[PDB]
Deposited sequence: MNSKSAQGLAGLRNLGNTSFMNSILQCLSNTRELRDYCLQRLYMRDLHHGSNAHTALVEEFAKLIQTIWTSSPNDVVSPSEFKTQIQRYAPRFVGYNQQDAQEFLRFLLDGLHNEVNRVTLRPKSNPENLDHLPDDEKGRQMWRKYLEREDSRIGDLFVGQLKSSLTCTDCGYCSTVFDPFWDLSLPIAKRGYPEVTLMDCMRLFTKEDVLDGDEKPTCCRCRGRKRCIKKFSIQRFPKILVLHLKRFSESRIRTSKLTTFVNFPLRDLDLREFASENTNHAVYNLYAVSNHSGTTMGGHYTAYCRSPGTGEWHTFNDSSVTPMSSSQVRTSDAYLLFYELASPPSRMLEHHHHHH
């Protein structure tokens, strides 16, 4: 019960294997599968996608009952995920974050505990809490328990001073990459690019409905609610209007003590995280190969999962420029 099984590549499926291994080593998600707790959350009736949760859970069960050097096939799981998300039919190269989003949405939908107003008078935090309650009245699953947080977006009119707030749920954060750092670009620099004051002027002027006209506004994100599992997605793609290229910039991310105090909403308690998994991409935007580096929940040791090959690694080997998705858990 060490969870060091490899996954067979079925034909350009390293993106899927990398994500599956990151999820396999997401302690609470793994445990939900191993303890069969999903069975009581599945929906009654002939549903086209109950087999998605069942085959995902069976794969995780297989990985965590495997012996040293075992390689298992996720072919039955692939059949189910491509039925939920037909873009994954066949054997083409795909983006791991795209796959992650569709897979978690499919799992969430199948174990959702849910089966079927002007708030200007409220203080910001209470509006946030009410919008959160409204969200959970639609989307309430074990999958969401782990991954979902809430952003606050504050949009201030520079003319009348009105700050319009909205609260957007998130299951991951996709971070722009800073152009250079001193001496290196850090994950915190990228978080700051995400959460900074965005000036909206010129072509981007919003309409202020208090002023009844287009006005220069300042927009800023803060984190109103932190998730148990924080997935950070680095935007490794150039904005070229001719041909995107991959951004291979080293982003220095911490193994431990990722402290997000400075991104929390005003007077909102903040979270600190430790890394437990990384999805790595090597190649171009058009093709390449994925691996995963994952910390075993039980032993705390890191391994490289590269399709059928699972090998031990030092924590000193985990931070690389190939990192694309970072999986953080509360400290």
Practice item. Note down, first to last, the deposited-sequence stretches for which the model contains no C-alpha atom. Key: 1-5, 122-127, 343-356
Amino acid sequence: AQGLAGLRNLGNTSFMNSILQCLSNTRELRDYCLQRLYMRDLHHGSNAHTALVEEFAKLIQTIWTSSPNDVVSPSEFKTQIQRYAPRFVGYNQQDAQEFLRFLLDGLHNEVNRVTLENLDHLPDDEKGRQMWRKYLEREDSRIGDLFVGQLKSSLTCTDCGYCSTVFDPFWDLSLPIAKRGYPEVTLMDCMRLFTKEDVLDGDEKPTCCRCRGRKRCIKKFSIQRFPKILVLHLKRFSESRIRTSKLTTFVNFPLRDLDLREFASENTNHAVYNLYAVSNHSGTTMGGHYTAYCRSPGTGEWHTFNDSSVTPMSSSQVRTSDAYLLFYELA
From here on, numbers count along this sequence of modelled residues.
Practice item. Going by the average Cα B-factor in the PDB entry, point out whether 104-112 or 206-214 comes out higher. Key: 206-214
**Study point:** Comparing 35-43 with 284-292, the one whose average Cα B-factor in the PDB entry is higher
**Key:** 35-43
Study note, to complete from the structure: For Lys152, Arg192, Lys134, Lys228, the deposited C-alpha B-factor is largest at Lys134
Review point. Highest CA temperature factor in the entry: which of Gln94, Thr249, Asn252, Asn118?
Key: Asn118
**Study point:** Lowest, middle or highest third - CA B-factor, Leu325
**Key:** lowest
Point to revise | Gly144, C-alpha B-factor rank within chain (lowest, middle or highest third) | key: middle
Review point. By the record's CA B-factor, is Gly161 among the lowest, middle or highest third of residues in the chain?
Key: middle
Check your understanding: With respect to C-alpha B-factor, does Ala85 fall in the lowest, middle or highest third of the chain as deposited?
Key -> middle
Check your understanding: So where's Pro123 on the chain's Cα temperature factor ranking, which third?
Key -> highest
